[PDB]
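S.K.: Would you be able to build a 3D model of this:
(chains A and B)
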2 protein chains.
Amino acid sequence: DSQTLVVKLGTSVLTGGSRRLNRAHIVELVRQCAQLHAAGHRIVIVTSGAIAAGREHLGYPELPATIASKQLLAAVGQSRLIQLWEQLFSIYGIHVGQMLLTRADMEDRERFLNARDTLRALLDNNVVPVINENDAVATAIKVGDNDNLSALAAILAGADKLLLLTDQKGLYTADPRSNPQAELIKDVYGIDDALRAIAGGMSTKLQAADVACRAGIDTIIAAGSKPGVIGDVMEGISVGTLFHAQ
Amino acid sequence: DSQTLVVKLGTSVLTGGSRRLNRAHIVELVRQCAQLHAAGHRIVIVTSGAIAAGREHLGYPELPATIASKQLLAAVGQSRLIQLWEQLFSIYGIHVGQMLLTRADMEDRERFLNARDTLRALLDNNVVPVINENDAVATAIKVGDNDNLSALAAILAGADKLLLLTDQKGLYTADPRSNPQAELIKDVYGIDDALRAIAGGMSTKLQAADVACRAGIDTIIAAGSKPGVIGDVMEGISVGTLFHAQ
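M.R.: Numbering: from 1, shown residues only, chains lettered A, B, ... in the order given. And now the structure:
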């Protein structure tokens, strides 16, 4: 019966590839999350967009390429990002709990177990956790974070599936934009099989699929804009590239 | 001319001593913050209430005394806390940037300097930072955190004054509730002078006043509900207990 599923939303899914956060699109996703929540499933959101959101809200100001500029953007953006997620879910009367984690926080073993406990406490009490890199405080630029963070979250939260919503249909045999040849690779079996099958942020997705399948957790790369995507993934309907678990 | 001032709000100021977050009271404070912001001063908010807010929003549920219960409360509460601060300030068209810091993050010297930079980047670009203990992730209970965190923030943010808004008028010669004798101690000169003068969360305030005065920064204990308090403190009008800087 009652599945647990982590959904990762990268920046382009969230902005619909614009430089403004796209609420029509997000609400479309929240919706699917609520239907499953109402069926008594457990949902975890790993959200990007903190910086995008901060640029928007501040009217795209001109800033030095310091770390302090990524961070202040992130401070402002996350306050909005969270509010946004809080309100959309609130519509379907589901609560959300904001978790900001650093790459550091995760390698610290004690904090790692803590987080496991808290994630489960959240779900246990029907709350959707909305996790993100703690970018206003995180020392380390971007860079596919987030993909990895999400696969950690999948483990800690005891996930049955990890869904990596991106701006293309899955994983291809080569660059599809410059290629009439490219297949959408329906199934993959662990990373080594991926890297053989293929001889845009797509490497860190291959990376997260590793960490997660090696942890017993199926992981999917799929288009975030595909109607009904999230439910379909629960039912194991084929929808993008499925990276089976070991 | 252009002063920088850190305002700390503990739980009771925020709930007005209830178990619900009190928006009438908060807005009253935001107001004073906006008037000074509009005069081109720089304002930093160190907010408590994350857990209070999480209990309220979840309808005071019955939870195990785990660390995971403080943390999930904190996850839910902060998402609300921030939204609330974001909206009230938004009324006066001032932006806010959310910073969640751990006691850990501060002893890590690199992250310490980072935070300094970011705080100043925030103010430079007219944003009010709203800082809090990162309770959904913070391993260590409560306990006067926050008082100390605020005095760190004062240093990092290059503050001229630190204002510790509490639920009484300042510091007393003894417990005033059980005492017709108790004076409100108008001035104090560094902690040693405090501890001589007096022979409810009041120790950690004495503690923050130390860290901050020893850093060249005047610090004030005052009633958060006192009309016009924050402005008065800028003008150095006497308002509670003033702990002068070394």
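S.K.: shouldn't residue A:56 be in contact with residue A:18?
M.R.: No. Between residue A:56 and residue A:18 there is no contact under Cβ atoms under 8 Å: 9.4 Å. Backbone N, C-alpha and C define where each C-beta goes, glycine included.
S.K.: The two - which one has more neighbours?
M.R.: Using other Cβ atoms under 10 Å in any protein chain shown, the more surrounded residue of residue A:56 and residue A:18 is residue A:56, with 19 against 12.
S.K.: Could you grab the helix/strand/coil label for the residue most central in space within chain A?
M.R.: By Cα atoms, centre = their mean, the mean C-alpha position of chain A lies nearest to residue A:8, the distance being 1.4 Å. On the three-state scheme (DSSP: H, G, I helix; E, B strand; the rest coil), residue A:8 is labelled strand.
S.K.: ok, and the closest non-adjacent residue to it?
M.R.: Distances taken as Cβ to Cβ, 6 or more residues apart in numbering or on different chains place residue A:150 nearest to residue A:8, at 3.9 Å, with adjacent residues excluded.
S.K.: Pull out the buried positions in the helix or strand that contains that neighbour.
M.R.: Using DSSP states H and E, residue A:150 sits within helix A:145-156. Going by neighbour count (16 or more other Cβ atoms under 10 Å in any protein chain shown), the buried part of helix A:145-156 is A:145-156.
S.K.: and the next element down the chain from that helix?
M.R.: Proceeding N to C from helix A:145-156, the next assigned helix or strand is strand A:161-166, under DSSP H and E.
S.K.: That next one pairs with which strands?
M.R.: strand A:4-9 (parallel), strand A:218-223 (parallel) (DSSP bridges).
S.K.: Could you identify the longest helix within chain A?
M.R.: Criterion DSSP state H: the longest helix present in chain A is helix A:67-91.
S.K.: residues of it that come out buried?
M.R.: Using 16+ other Cβ under 10 Å as the test for burial, helix A:67-91 gives A:67-86, A:88-89.
S.K.: who touches the helix or strand just after it?
M.R.: Counting by DSSP H and E, the element after helix A:67-91 in chain order, helix or strand, is strand A:96-101. With Cβ atoms under 8 Å, 6 or more residues apart in numbering or on different chains as the test, strand A:96-101 has contacts from A:45, A:78, A:82, A:85-86, A:89-90, A:115, A:118-119, A:122, A:127-134, A:137, A:149, B:54, B:72, B:75-76, B:78-79, B:82, B:100, B:134, B:136-137.
S.K.: Correct me if wrong: residue A:66 contacts residue B:120.
M.R.: No. Using Cβ under 8 Å, residue A:66 is not in contact with residue B:120, being 10.4 Å away.
S.K.: So which of those two has more stuff around it?
M.R.: Shown here are residue A:66 and residue B:120; by other Cβ under 10 Å, residue B:120 has more neighbours (18 against 12).
S.K.: quick one: contacts for the more buried one?
M.R.: A:68, B:157-158.
S.K.: run the last query once more with 10 Å
M.R.: A:68, A:72, B:4, B:42, B:129, B:156-158 (Cβ atoms under 10 Å, 6 or more residues apart in numbering or on different chains).
S.K.: tell me which residues of stretch A:201-221 are tucked away?
M.R.: Neighbour counts over stretch A:201-221 (16+ other Cβ under 10 Å) mark A:202, A:204-206, A:208-213, A:215, A:217-221 as buried.
S.K.: need the contact list for residue A:189.
M.R.: Residues near residue A:189 by Cβ under 10 Å, 6+ apart: A:197, A:213, A:242-246.
S.K.: and if you look at residue A:142?
M.R.: Residues counted as contacts of residue A:142 (Cβ under 10 Å, 6+ apart) are A:11, A:48, A:51, A:70, A:133, A:135, A:201, A:204.
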